[PDB]
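Undergrad: Pasting in a structure now, in C-alpha coordinates, and then I'll have a few things to ask.
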Amino acid sequence: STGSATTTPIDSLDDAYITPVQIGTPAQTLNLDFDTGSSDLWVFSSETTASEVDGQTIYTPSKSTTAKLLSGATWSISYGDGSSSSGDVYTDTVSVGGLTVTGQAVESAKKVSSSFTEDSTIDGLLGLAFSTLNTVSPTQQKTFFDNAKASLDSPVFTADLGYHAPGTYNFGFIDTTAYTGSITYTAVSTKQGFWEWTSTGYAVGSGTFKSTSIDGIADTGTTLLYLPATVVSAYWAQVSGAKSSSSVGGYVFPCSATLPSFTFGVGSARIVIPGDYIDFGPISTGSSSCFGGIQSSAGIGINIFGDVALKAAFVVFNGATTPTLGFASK
(Lines give C-alpha, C1' and ligand atoms only; values in the text may rest on other atoms or scores of the structure.)
Protein backbone atom coordinates (compact mmCIF):
# COMPACT_ATOMS: atom_id res chain seq x y z
CA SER A 1 0.00 0.00 0.00
CA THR A 2 0.88 3.68 -0.20
CA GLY A 3 -0.54 6.99 0.99
CA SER A 4 -0.16 10.57 -0.22
CA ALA A 5 -1.44 13.69 1.53
CA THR A 6 -0.98 17.39 1.00
CA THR A 7 0.51 19.40 3.85
CA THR A 8 -0.27 23.12 4.11
CA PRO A 9 1.40 25.96 6.07
CA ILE A 10 -0.79 27.23 8.94
CA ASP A 11 0.13 30.87 8.33
CA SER A 12 2.13 33.28 6.17
CA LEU A 13 5.40 32.44 7.99
CA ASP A 14 5.27 28.64 7.63
CA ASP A 15 5.22 28.38 11.44
CA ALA A 16 3.99 24.81 11.05
CA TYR A 17 2.22 22.57 8.55
CA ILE A 18 -1.11 20.73 8.80
CA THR A 19 -2.15 17.56 7.02
CA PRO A 20 -5.71 16.18 6.94
CA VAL A 21 -6.16 12.85 8.73
CA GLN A 22 -9.27 10.67 8.79
CA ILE A 23 -10.06 9.13 12.19
CA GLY A 24 -12.92 6.79 13.05
CA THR A 25 -16.03 5.49 11.34
CA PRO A 26 -17.63 7.46 9.77
CA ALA A 27 -14.48 9.47 9.15
CA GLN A 28 -13.77 12.48 11.30
CA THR A 29 -11.20 14.64 9.51
CA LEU A 30 -8.72 16.51 11.72
CA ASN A 31 -5.79 18.63 10.55
CA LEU A 32 -2.70 17.32 12.32
CA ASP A 33 0.87 18.56 12.65
CA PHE A 34 3.08 15.74 11.37
CA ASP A 35 6.06 15.73 13.72
CA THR A 36 9.18 13.65 12.98
CA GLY A 37 10.51 14.80 16.37
CA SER A 38 7.90 13.03 18.51
CA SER A 39 5.99 9.77 18.60
CA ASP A 40 2.45 10.41 19.91
CA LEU A 41 -0.65 10.80 17.75
CA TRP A 42 -2.85 13.02 19.90
CA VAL A 43 -5.96 15.01 19.13
CA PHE A 44 -8.25 17.66 20.51
CA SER A 45 -11.38 15.75 21.48
CA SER A 46 -14.76 15.72 23.19
CA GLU A 47 -12.77 15.08 26.39
CA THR A 48 -10.59 18.21 26.12
CA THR A 49 -11.20 20.77 28.89
CA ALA A 50 -13.70 23.14 27.28
CA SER A 51 -11.83 26.33 28.22
CA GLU A 52 -8.73 24.96 26.43
CA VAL A 53 -10.49 24.53 23.09
CA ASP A 54 -10.66 27.61 20.83
CA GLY A 55 -11.67 26.77 17.28
CA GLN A 56 -10.06 23.35 16.82
CA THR A 57 -11.94 20.47 15.27
CA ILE A 58 -12.39 17.72 17.87
CA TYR A 59 -12.40 13.96 17.67
CA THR A 60 -15.47 12.47 19.33
CA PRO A 61 -14.86 8.79 19.98
CA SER A 62 -18.47 8.12 21.01
CA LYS A 63 -19.50 8.92 17.43
CA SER A 64 -17.07 6.37 15.96
CA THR A 65 -18.27 2.78 15.62
CA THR A 66 -14.65 1.58 15.48
CA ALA A 67 -13.36 3.47 18.56
CA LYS A 68 -12.42 1.45 21.63
CA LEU A 69 -11.14 2.76 24.95
CA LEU A 70 -7.64 1.43 25.59
CA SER A 71 -8.44 0.66 29.18
CA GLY A 72 -6.09 2.09 31.79
CA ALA A 73 -3.82 3.85 29.29
CA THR A 74 -2.79 7.47 29.81
CA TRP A 75 -0.33 9.78 28.12
CA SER A 76 1.48 13.01 28.89
CA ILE A 77 3.99 14.84 26.74
CA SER A 78 6.17 17.93 26.98
CA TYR A 79 7.78 19.40 23.86
CA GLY A 80 10.98 21.35 23.36
CA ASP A 81 9.18 24.69 23.17
CA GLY A 82 7.64 24.13 26.61
CA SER A 83 4.15 23.19 25.41
CA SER A 84 2.40 20.09 26.68
CA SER A 85 -0.70 17.93 26.58
CA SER A 86 -2.08 14.83 28.26
CA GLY A 87 -5.08 12.53 28.40
CA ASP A 88 -6.35 9.01 27.82
CA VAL A 89 -6.26 6.68 24.81
CA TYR A 90 -8.57 5.05 22.25
CA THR A 91 -7.75 2.74 19.39
CA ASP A 92 -9.47 3.53 16.10
CA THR A 93 -9.01 3.42 12.33
CA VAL A 94 -6.74 6.18 11.01
CA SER A 95 -6.15 6.99 7.37
CA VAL A 96 -3.65 9.37 5.81
CA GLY A 97 -3.85 10.12 2.12
CA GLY A 98 -5.60 6.82 1.38
CA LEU A 99 -3.37 4.64 3.60
CA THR A 100 -5.32 3.02 6.45
CA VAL A 101 -4.18 1.65 9.80
CA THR A 102 -6.66 -0.20 11.98
CA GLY A 103 -6.13 -0.30 15.74
CA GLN A 104 -4.05 2.88 15.82
CA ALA A 105 -3.56 4.46 19.25
CA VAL A 106 -5.38 7.80 19.16
CA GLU A 107 -4.44 9.79 22.22
CA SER A 108 -7.34 11.94 23.36
CA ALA A 109 -6.37 15.17 25.08
CA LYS A 110 -7.97 16.04 28.40
CA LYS A 111 -5.58 18.97 28.86
CA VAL A 112 -3.51 21.09 26.47
CA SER A 113 -1.18 24.02 27.19
CA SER A 114 -1.91 27.55 26.08
CA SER A 115 0.13 27.42 22.87
CA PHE A 116 -2.07 24.60 21.57
CA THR A 117 -5.30 26.34 22.58
CA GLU A 118 -4.15 29.52 20.85
CA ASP A 119 -3.44 27.74 17.58
CA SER A 120 -6.91 27.15 16.18
CA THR A 121 -5.51 25.59 12.99
CA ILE A 122 -3.80 22.58 14.63
CA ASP A 123 -6.19 19.84 15.77
CA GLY A 124 -3.40 17.64 17.13
CA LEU A 125 -0.05 16.02 16.33
CA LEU A 126 0.92 12.89 14.43
CA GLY A 127 4.29 11.68 15.63
CA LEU A 128 6.73 10.13 13.17
CA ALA A 129 9.86 9.68 15.31
CA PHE A 130 10.67 6.21 16.65
CA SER A 131 8.06 4.47 18.78
CA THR A 132 10.47 4.22 21.73
CA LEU A 133 9.59 7.88 22.47
CA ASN A 134 5.84 7.23 22.68
CA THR A 135 4.51 8.38 26.05
CA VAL A 136 1.58 6.02 26.55
CA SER A 137 1.65 4.24 29.90
CA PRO A 138 1.65 1.46 31.03
CA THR A 139 1.74 -0.02 27.52
CA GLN A 140 3.78 1.99 25.04
CA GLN A 141 2.09 2.41 21.66
CA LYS A 142 3.38 2.44 18.06
CA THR A 143 3.36 5.37 15.66
CA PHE A 144 1.17 5.46 12.57
CA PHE A 145 4.26 4.78 10.43
CA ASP A 146 5.38 1.83 12.53
CA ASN A 147 1.89 0.30 12.34
CA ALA A 148 1.67 0.89 8.57
CA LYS A 149 5.20 -0.22 7.77
CA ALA A 150 4.68 -3.89 7.01
CA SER A 151 1.84 -3.08 4.60
CA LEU A 152 3.77 -0.38 2.72
CA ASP A 153 5.27 -1.05 -0.71
CA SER A 154 8.56 0.24 0.75
CA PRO A 155 9.20 1.01 4.45
CA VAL A 156 9.62 4.77 3.93
CA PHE A 157 7.86 8.07 4.19
CA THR A 158 8.92 11.33 2.56
CA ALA A 159 8.53 14.97 3.53
CA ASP A 160 8.31 17.58 0.78
CA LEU A 161 7.49 20.80 2.60
CA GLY A 162 6.74 23.98 0.69
CA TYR A 163 8.07 27.50 1.15
CA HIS A 164 4.94 29.63 1.59
CA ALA A 165 3.12 26.90 -0.37
CA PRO A 166 1.62 23.46 0.08
CA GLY A 167 3.71 20.29 -0.07
CA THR A 168 3.37 16.55 0.35
CA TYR A 169 3.83 13.66 2.77
CA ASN A 170 4.06 10.30 0.99
CA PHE A 171 4.03 6.88 2.63
CA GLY A 172 5.43 3.76 1.05
CA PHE A 173 7.03 5.16 -2.10
CA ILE A 174 9.52 7.68 -3.41
CA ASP A 175 8.07 10.07 -5.98
CA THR A 176 10.94 10.39 -8.45
CA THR A 177 9.27 13.43 -10.06
CA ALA A 178 9.36 15.41 -6.82
CA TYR A 179 13.12 16.14 -6.69
CA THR A 180 16.03 17.01 -8.93
CA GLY A 181 19.32 15.14 -9.26
CA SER A 182 19.93 12.19 -6.95
CA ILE A 183 19.04 11.45 -3.33
CA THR A 184 21.99 11.28 -0.94
CA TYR A 185 21.50 8.93 1.97
CA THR A 186 23.16 9.29 5.34
CA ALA A 187 23.32 7.20 8.52
CA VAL A 188 20.77 7.55 11.33
CA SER A 189 21.21 6.86 15.03
CA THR A 190 17.99 5.84 16.77
CA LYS A 191 19.67 5.92 20.20
CA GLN A 192 17.67 8.99 21.34
CA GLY A 193 14.51 7.98 19.46
CA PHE A 194 14.96 10.65 16.78
CA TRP A 195 15.91 10.74 13.11
CA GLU A 196 19.39 11.77 14.22
CA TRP A 197 22.13 12.21 11.64
CA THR A 198 25.40 14.05 11.07
CA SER A 199 25.72 16.87 8.57
CA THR A 200 29.14 17.21 6.95
CA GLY A 201 29.34 21.00 7.22
CA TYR A 202 28.03 24.36 6.05
CA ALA A 203 28.52 27.48 4.00
CA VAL A 204 27.15 31.01 4.37
CA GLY A 205 26.04 32.67 1.15
CA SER A 206 28.69 32.32 -1.53
CA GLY A 207 31.35 31.60 1.09
CA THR A 208 33.60 28.58 1.19
CA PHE A 209 32.25 25.34 2.61
CA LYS A 210 33.41 24.49 6.12
CA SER A 211 33.85 20.75 6.64
CA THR A 212 32.68 19.95 10.15
CA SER A 213 30.43 17.31 11.68
CA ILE A 214 27.12 18.59 13.00
CA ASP A 215 24.96 16.00 14.75
CA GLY A 216 21.27 16.88 14.73
CA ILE A 217 17.71 15.69 14.17
CA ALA A 218 15.42 15.97 11.18
CA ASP A 219 12.35 17.46 12.85
CA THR A 220 9.31 18.52 10.82
CA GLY A 221 7.63 19.68 14.05
CA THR A 222 10.20 22.39 14.73
CA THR A 223 9.87 25.61 12.74
CA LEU A 224 13.45 26.88 12.66
CA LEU A 225 17.00 25.65 12.12
CA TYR A 226 18.91 25.36 15.42
CA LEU A 227 22.68 24.94 15.08
CA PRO A 228 25.80 25.41 17.24
CA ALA A 229 26.53 28.97 18.35
CA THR A 230 29.72 29.10 16.28
CA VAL A 231 27.82 28.29 13.06
CA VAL A 232 24.99 30.69 13.82
CA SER A 233 27.36 33.53 14.68
CA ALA A 234 29.16 33.00 11.36
CA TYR A 235 25.84 33.26 9.52
CA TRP A 236 24.49 36.39 11.20
CA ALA A 237 27.86 38.14 11.00
CA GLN A 238 27.13 38.42 7.25
CA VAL A 239 23.94 40.44 7.86
CA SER A 240 24.49 44.12 8.62
CA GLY A 241 22.81 45.07 11.87
CA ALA A 242 21.98 41.53 12.95
CA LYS A 243 22.35 40.79 16.65
CA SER A 244 21.34 38.33 19.30
CA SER A 245 18.63 39.79 21.52
CA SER A 246 18.03 38.27 24.95
CA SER A 247 14.82 40.32 25.20
CA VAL A 248 13.43 38.89 21.96
CA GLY A 249 14.90 35.41 22.47
CA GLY A 250 17.34 35.04 19.61
CA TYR A 251 18.91 36.60 16.56
CA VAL A 252 17.08 39.49 14.96
CA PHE A 253 17.98 41.51 11.90
CA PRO A 254 16.86 44.67 10.13
CA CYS A 255 13.78 43.97 8.05
CA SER A 256 15.47 45.97 5.26
CA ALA A 257 18.17 43.29 4.88
CA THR A 258 18.68 40.85 2.07
CA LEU A 259 19.60 37.58 3.76
CA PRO A 260 22.34 35.29 2.44
CA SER A 261 21.62 31.65 1.73
CA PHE A 262 22.80 28.87 4.05
CA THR A 263 24.13 25.58 2.76
CA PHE A 264 24.33 22.35 4.77
CA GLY A 265 26.20 19.17 3.82
CA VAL A 266 24.72 15.72 3.39
CA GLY A 267 27.69 13.49 2.73
CA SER A 268 29.37 15.00 -0.33
CA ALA A 269 26.07 16.63 -1.37
CA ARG A 270 24.85 20.12 -0.51
CA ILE A 271 21.39 21.52 0.27
CA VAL A 272 20.99 25.27 -0.21
CA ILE A 273 18.48 27.15 1.94
CA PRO A 274 17.62 30.41 0.13
CA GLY A 275 17.95 33.58 2.21
CA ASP A 276 14.23 34.26 2.03
CA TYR A 277 13.51 31.00 3.91
CA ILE A 278 15.41 32.45 6.88
CA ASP A 279 13.12 35.51 7.22
CA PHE A 280 10.45 35.09 9.90
CA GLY A 281 9.22 38.63 9.69
CA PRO A 282 8.68 41.42 12.20
CA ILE A 283 9.18 40.48 15.84
CA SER A 284 5.91 42.28 16.62
CA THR A 285 3.35 43.76 14.27
CA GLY A 286 4.77 46.82 12.51
CA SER A 287 8.32 46.41 13.83
CA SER A 288 11.36 46.94 11.58
CA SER A 289 13.24 44.27 13.54
CA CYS A 290 12.78 40.84 11.95
CA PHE A 291 13.22 37.42 13.52
CA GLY A 292 15.87 35.06 12.16
CA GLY A 293 15.18 31.54 10.99
CA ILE A 294 18.58 30.23 12.03
CA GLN A 295 19.07 30.26 15.79
CA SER A 296 21.52 28.85 18.31
CA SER A 297 20.93 25.37 19.75
CA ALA A 298 23.02 26.23 22.81
CA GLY A 299 20.97 25.25 25.82
CA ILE A 300 18.59 23.05 23.78
CA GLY A 301 21.06 20.21 24.05
CA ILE A 302 20.57 19.10 20.44
CA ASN A 303 20.88 20.60 16.97
CA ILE A 304 17.56 20.65 15.09
CA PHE A 305 17.11 20.59 11.34
CA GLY A 306 13.60 22.01 11.44
CA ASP A 307 11.29 23.20 8.69
CA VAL A 308 13.63 26.00 7.57
CA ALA A 309 16.15 23.36 6.51
CA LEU A 310 13.83 20.52 5.54
CA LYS A 311 11.62 22.60 3.25
CA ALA A 312 14.70 23.25 1.07
CA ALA A 313 14.88 19.51 0.29
CA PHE A 314 13.00 16.39 -0.61
CA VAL A 315 13.57 14.25 2.49
CA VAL A 316 13.35 10.46 2.72
CA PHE A 317 12.74 8.89 6.12
CA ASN A 318 13.86 5.33 5.47
CA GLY A 319 12.46 3.00 8.14
CA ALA A 320 14.16 -0.16 6.89
CA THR A 321 15.76 -2.46 9.45
CA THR A 322 18.74 -0.09 9.46
CA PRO A 323 17.12 3.31 9.14
CA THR A 324 18.65 6.09 7.05
CA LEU A 325 17.79 9.62 5.89
CA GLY A 326 17.92 10.80 2.28
CA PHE A 327 18.09 14.36 1.01
CA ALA A 328 17.66 15.66 -2.54
CA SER A 329 17.44 19.15 -3.97
CA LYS A 330 14.12 20.08 -5.57
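Labeling convention for the C-alpha coordinates: chains A, B, ... as they appear, residues from 1 per chain, ligands from 1 in order of appearance.
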Can you tell me which residues surround segment 171-188 of chain A at a distance of at most 9 Å, considering only C-alpha atoms, apart from same-chain residues fewer than 2 positions away, and format the answer as an MDAnalysis selection string?
TA: chainID A and resid 1:5 96:97 99 145 148:149 151:158 160 169 190 194:199 266:269 313:316 322:330
Undergrad: Considering only C-alpha atoms, return as a VMD selection string whatever protein or nucleic-acid residues lie within 6 Å of segment 234-244 of chain A, sequence-local ones (same chain, fewer than 5 positions apart) excluded.
TA: chain A and resid 204 250 to 253
Undergrad: Given the selection you just returned, output its residues as a file containing N, CA, C and O atoms, formatted as an mmCIF file, in the first residue's frame.
TA:
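Printed below is out-v2.cif as written:
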data_model
loop_
_atom_site.group_PDB
_atom_site.id
_atom_site.type_symbol
_atom_site.label_atom_id
_atom_site.label_comp_id
_atom_site.auth_asym_id
_atom_site.auth_seq_id
_atom_site.Cartn_x
_atom_site.Cartn_y
_atom_site.Cartn_z
ATOM 1 N N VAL A 204 27.993 29.820 4.248
ATOM 2 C CA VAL A 204 27.151 31.010 4.370
ATOM 3 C C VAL A 204 27.224 31.776 3.065
ATOM 4 O O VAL A 204 28.317 32.150 2.621
ATOM 5 N N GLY A 250 16.490 35.551 20.667
ATOM 6 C CA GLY A 250 17.336 35.035 19.611
ATOM 7 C C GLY A 250 17.848 36.115 18.679
ATOM 8 O O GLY A 250 17.751 37.320 18.955
ATOM 9 N N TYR A 251 18.406 35.676 17.559
ATOM 10 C CA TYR A 251 18.907 36.597 16.563
ATOM 11 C C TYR A 251 17.773 37.310 15.857
ATOM 12 O O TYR A 251 16.796 36.687 15.433
ATOM 13 N N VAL A 252 17.956 38.620 15.722
ATOM 14 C CA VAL A 252 17.082 39.488 14.960
ATOM 15 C C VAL A 252 17.930 40.248 13.954
ATOM 16 O O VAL A 252 19.156 40.329 14.079
ATOM 17 N N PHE A 253 17.275 40.816 12.957
ATOM 18 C CA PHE A 253 17.984 41.509 11.902
ATOM 19 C C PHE A 253 17.090 42.593 11.321
ATOM 20 O O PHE A 253 15.872 42.534 11.465
#
Undergrad: Quick one: of A:98, A:124, A:82, A:162, who's nearest to residue 57 of chain A, counting only C-alpha atoms?
TA: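 Going through A:98, A:124, A:82, A:162 one by one, the smallest distance to residue 57 of chain A is for A:124.
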Undergrad: List the neighbours of residue 282 of chain A out to 9 Å using only C-alpha atoms; skip same-chain residues closer than 6 positions along the sequence, and give me the result as a VMD selection string.
TA: chain A and resid 255 288 to 291
Undergrad: Could you dump the residues just selected with N, CA and C atoms as a CSV table (one decimal), in the first residue's frame?
TA:
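File part.csv, as written:
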chain,number,residue,atom,x,y,z
A,255,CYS,N,14.7,44.5,9.1
A,255,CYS,CA,13.8,44.0,8.0
A,255,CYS,C,14.1,44.5,6.6
A,288,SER,N,10.3,47.1,12.6
A,288,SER,CA,11.4,46.9,11.6
A,288,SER,C,12.5,46.0,12.0
A,289,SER,N,12.3,45.3,13.1
A,289,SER,CA,13.2,44.3,13.5
A,289,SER,C,12.6,42.9,13.2
A,290,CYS,N,13.3,42.1,12.5
A,290,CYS,CA,12.8,40.8,11.9
A,290,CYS,C,13.4,39.7,12.7
A,291,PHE,N,12.7,38.6,12.8
A,291,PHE,CA,13.2,37.4,13.5
A,291,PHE,C,13.9,36.4,12.6
